[PDB]
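Okay, so we've got a single protein chain in two different forms coming up as structure tokens, structure 1 first and structure 2 after it.
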Structure 1
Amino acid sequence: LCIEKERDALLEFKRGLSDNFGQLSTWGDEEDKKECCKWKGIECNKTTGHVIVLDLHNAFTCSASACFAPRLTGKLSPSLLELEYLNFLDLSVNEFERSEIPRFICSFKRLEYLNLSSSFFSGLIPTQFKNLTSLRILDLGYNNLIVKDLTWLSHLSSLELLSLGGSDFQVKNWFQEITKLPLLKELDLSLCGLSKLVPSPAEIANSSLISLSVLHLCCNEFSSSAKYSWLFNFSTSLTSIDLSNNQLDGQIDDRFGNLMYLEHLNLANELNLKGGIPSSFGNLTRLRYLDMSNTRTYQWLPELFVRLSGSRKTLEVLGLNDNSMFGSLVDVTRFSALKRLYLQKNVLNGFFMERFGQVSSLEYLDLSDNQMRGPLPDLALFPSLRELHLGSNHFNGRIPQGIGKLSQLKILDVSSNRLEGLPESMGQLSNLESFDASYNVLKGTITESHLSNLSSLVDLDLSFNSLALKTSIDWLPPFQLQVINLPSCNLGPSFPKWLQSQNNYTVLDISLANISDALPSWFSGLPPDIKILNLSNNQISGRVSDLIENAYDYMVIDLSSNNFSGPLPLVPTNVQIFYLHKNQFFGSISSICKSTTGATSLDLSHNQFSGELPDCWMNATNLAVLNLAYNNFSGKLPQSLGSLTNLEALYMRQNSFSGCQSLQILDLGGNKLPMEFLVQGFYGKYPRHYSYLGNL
């Protein structure tokens, strides 16, 4: 294998490109990398050596609000003409010199595949492409191309696929040119201006017949059924239609029904569909995908389900979210092949009942942001669930005892419901990664039985219930929580002991518990990556000067309303909220100077701090609200207090004192002489607003 000419040509092509993210690193002239066949993106033939495939394609990796692709920048060398037997050429996501498509591509004489989609090519399509007689797959979509003449298409008599989306499309006779390809199956013409160029009936009459299967016609301002009617010259062979983002304003066309062999209909992101699926459906019998998201359907849910009755044994994904649909979800398990069902953000004022016993194959279900009532159904009828979101509803009743039979659930969200209790089977899930049951009226006590076998739990959210959590001593937890959110939960008279084996947790909110025990010795060091620490409104006592060790992820510390005492704890270098009011601390606060602090809110009111205020406030110019009231400070105020240009509040009253724009409030009562701040970085990129309802 690996004839030297091919290796030299590939090396010359490599030389032009400027890689920066490790791609093409397998290529080289070193004797260790002599063999061409083992290179990445290069595939040879078994008998001869001339390579067959050159697939230097990349992919998108996405983050909170951005995506990245390791695009290859360089010049496309003509030495690729040494590839006389090549038939696969996929250079899709790379951005080369943003210029015209190279002309030598027409002189491969054996090409059967070509995918330059999503590159940054521009200019007119080369006219020499008429020499690509053997092409079968041609993708040139979503580049800044300009197409206004399709005369080269007539000579390409082997295509089964042609993608020309995202172009400045201006061909008025495109139907006639497309029809000249006898074996065309799938057509991509998305993002073009097909609204302005609708085929005429005469030219549709003056054309051959070609059996199309998949149509990808999106992002054209159709807005009416009279501008895409031509696709109904393909009822015999149509199998997939994608008509998303077209600003459609009207009833779904009744001729969408009676389309045999249809399996994939996408009608998402329209203007107003005004009733949703019409009566013409139910004749489909083969539907496997139906996306009508964000279309303002205003349809009765049982009517939609009865009009979809033809594809019970085949319908797999049913996206019907961000619409306005009303009614009750009744008899969903009759769909044998259903796997996904989305019904977020609707006006569903009804029940979730089964009223007959048959199993379901649903793996993803979400019914959040609705007004559903009644109790939950027997969840043992959904053995293969993987996610389950039922938040913001008005569900009542206890969680059914069959919840422990799922054995595959990963997410369960039942927040903002009127749920009354939790079952003992919750422990047997063994694959749950998150559990959120906040803001429910949950009663009773949770023993270790409810938490016996959750070996993959990462999220625990039982915020603001009447719940209790008592675990027996000498219990070894099987999970390492990363977020602990248990406010207003009775964690016991003593400090919880299951925390000893818990490491590597990012937040800890066990406030409003009934802990009446001193800080245990074993609770001496928080995990290094701790973010939020809230122990407000408890009866914990001891010294916290040896508990905070200046981690690099601190954002919120709330040890207020307790019985803490001792020297003021070290302030983290990146903390933002520092609440320590209603405690029994004492001494001077001179240690608020040794390090620069980015705190935006600190409260030290209602303690026994004495001494003199340090003249070091220039090191913390990020302050917004400062509270030192109801303490026993003395001495003259520091002049550095005039350097806090970001102050909005300064409460200093009930003291023994003697002797800056946006300062809305200035309280200096006694001493012998709603506000809202911003904590940034809470929801990743997004900030959070905190309101301080300070007294007066």
Structure 2
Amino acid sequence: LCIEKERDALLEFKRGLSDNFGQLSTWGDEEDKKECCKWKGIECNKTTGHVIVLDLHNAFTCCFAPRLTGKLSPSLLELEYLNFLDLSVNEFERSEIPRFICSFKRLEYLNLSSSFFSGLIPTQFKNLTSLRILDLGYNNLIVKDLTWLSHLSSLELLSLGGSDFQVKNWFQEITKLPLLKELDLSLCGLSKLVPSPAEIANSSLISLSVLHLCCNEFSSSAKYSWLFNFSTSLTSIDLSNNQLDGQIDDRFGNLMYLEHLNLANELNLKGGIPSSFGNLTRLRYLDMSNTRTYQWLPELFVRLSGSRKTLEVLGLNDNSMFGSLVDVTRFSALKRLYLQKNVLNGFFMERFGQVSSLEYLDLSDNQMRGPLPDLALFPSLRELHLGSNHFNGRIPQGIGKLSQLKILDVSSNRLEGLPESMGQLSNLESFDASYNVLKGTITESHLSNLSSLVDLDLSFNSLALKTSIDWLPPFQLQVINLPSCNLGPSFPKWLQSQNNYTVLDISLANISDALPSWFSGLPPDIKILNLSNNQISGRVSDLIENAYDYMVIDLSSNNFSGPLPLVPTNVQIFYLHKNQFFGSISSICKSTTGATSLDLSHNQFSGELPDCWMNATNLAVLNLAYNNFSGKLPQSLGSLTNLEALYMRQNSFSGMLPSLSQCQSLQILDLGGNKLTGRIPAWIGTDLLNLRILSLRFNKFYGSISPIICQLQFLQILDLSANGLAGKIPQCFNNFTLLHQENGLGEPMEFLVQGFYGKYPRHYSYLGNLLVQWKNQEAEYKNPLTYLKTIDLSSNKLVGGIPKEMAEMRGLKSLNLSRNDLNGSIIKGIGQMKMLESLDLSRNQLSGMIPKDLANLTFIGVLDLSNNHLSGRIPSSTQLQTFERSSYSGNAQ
């Protein structure tokens, strides 16, 4: 039975507020909304409709809060009877607290916290003599006096947090509150306001049970000593983020009735809990996270033995702790245990036989040893984390008795098997056992009733999953990571029932079956598809479909055939090498693509490269090697601003290559074995400042090697063998940096792709190394030896002599100047070379006598000086005599 005056007042209050988030929507002048009892946020007395509770609060959803923004109209005074006013996280006019709140005459609850109220506290709050709970904390209020607090003699809770606290004699004022029981002075300085012993003596008797004293820069035991003389009645004590240093006070023991001790995020709590804590017998929550305890765990548990039957949640994570966890079932009341990221180095043994009550256990990111305990003694575990440890032995058969586990992570251990009871789990939403040993075979019996599995990760184990035919899986799992798992000679037939997965990883399996017809279309939202290193055959033309969340498509090392699959818009890495594709790739830039890496090597494609690459903006690696293309290179190859590596070796192109002047940030450019023609590009030296690998072998070039090529100053590989070049060898090889510092190494040649792909979040991070890719590619050419620092100018019409500047070169590991026409004597000063492992100067018109310094070379592996007009008396050295007669043949010495 609402009073029309109160309803009009409420409407007037609403008029001044801009409720832009749907709150206060039930309010209004409409006829169907007349009765104010169902009006949201409003409660009324049944005998008479006077408003009692007005709680327009909100909450943080993750931050973000659906805050109101208006102005407190003074019409609320018409309510005349309310005893509850909650404005908890709203942001009204960022001004002083309204001065009419003092004239309510019946309030028993005021929560103006977590707003942006500013200014001082009005002095009229002395009229609020009937309050019981006051919460003005975490505002922008500035307090300098507390004389009003004396009149408010009926409070049981006071929270003035977040204030610019400057009241020096706060203890005297607070102690004048006989009925006070909870005090929140968080983030209020209070380290510069320490009551003297005279002030403490000149104080009344108050039994404060709960204290919130966090975010105060105490940093010492003497600053907070006063709380220890409310010892007769204390229940909860929060002292987090005070930068405390030294041993925790021994007086925290013998502090009976304590049920909570938040000591999170201190500086150095050296030594951990003292011997005085064997007297507690009532502890229920002890958080000592991020405090650097360095305590022995059995000692910690024997010091907590008093509260064995009462302790519920225990912290002790992110701090140094050593020992072994033994006899945890004797607590019989512990519910949550977080011993992660410690320096534990012991076993995990029960030995006691009684049942536990753990619901959340996390022993991850530390060291453990020995087998897992009999897990049937934890029939209430909800989230078991045991990863990043050293756990051996088979997973116990009792794992099927949990019957309530949701997340199981046993990765990075040394587990040797997986039991058959795992199937009877019916709420396991995420199973992760990657990077274990896990030998054996998995039958459908291991997955019979896994009805709620949405994440299965048996990554990189010597495992074998072989499900019998006519098995209908009971789960529609989102993430399928099964690399290096034998999934049967045929294509796994349990994927037919799956039509919602977003990440699929069937790589490194053993599949030698043609692609099934039912594997037509992937689920619309797919992010990772890695079918690499298998023997799958068929056409993948009608499987891509151009989704919107594609990130990885790796179909490398298979027996695929047919036309090129479509390249989606949002893909970042597109790998297709080691396949049997054929046709034309003209459909590769028809749409805007954002691929960082594009691999089409070791295939049998054909046709001219389309003039399409103007649409490619983010290509960093383009590898079209060993593919038998033809025609002129596209003029759009210069539009790739962010191009790093370009592989086009062994493809039989033609014509003068186009300018890639805009292609700065280019590091690898190999075009060997094709039919490219023309003079050496002038733009190689001018632009391309970050070039390190340049290979142009077995092409139809000509002309002089222009000296500008010396300006690269990062070149470690220069391949110009069998190209028909002529003239004189450049006299500027010192200009190269990495071949002048002996053991110097260049900056890493890396590219990175990152993403998140799980409801239970997981990080996908691929780091491709260009130099590793070059090493892998070069294994196809030279079986004997390859080197990462090589200068090659063999088999050309070069004339003149070797300039006397390679003697100063230090880190060069290979040198091949053969089948040229070189006149004169070999470099006098060759002994200055240190890390030479190969040297060839065969088939040349060399004249002179081999210098004695050749004797003091050290690590030369292969040497050839055949077919030269040289002198005799080969130097008597250590490894020189180890070479055969072939290396010095064909000479008239």
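Whichever C-alpha set is largest while still superposing within 1.5 Å between the two forms counts as the rigid core. Structure 1 provides the reference sequence; residues are numbered from 1 along it.
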task = Could you check which of 9, 24, 17, 679 shows a C-alpha shift of 2 Å or more between the two structures after a rigid core superposition?
result = 679
request  = Quick one: how many Å does the C-alpha of residue 618 shift between the two structures once the rigid core is superposed?
outcome  = 1.2
ask   = Quick one: CA shift at residue 688 between the two structures, core fit, Å?
value = 11.0
request  = Could the core-superposed CA displacement of residue 507 between the two structures be given in angstrom, to one decimal?
outcome  = 0.5
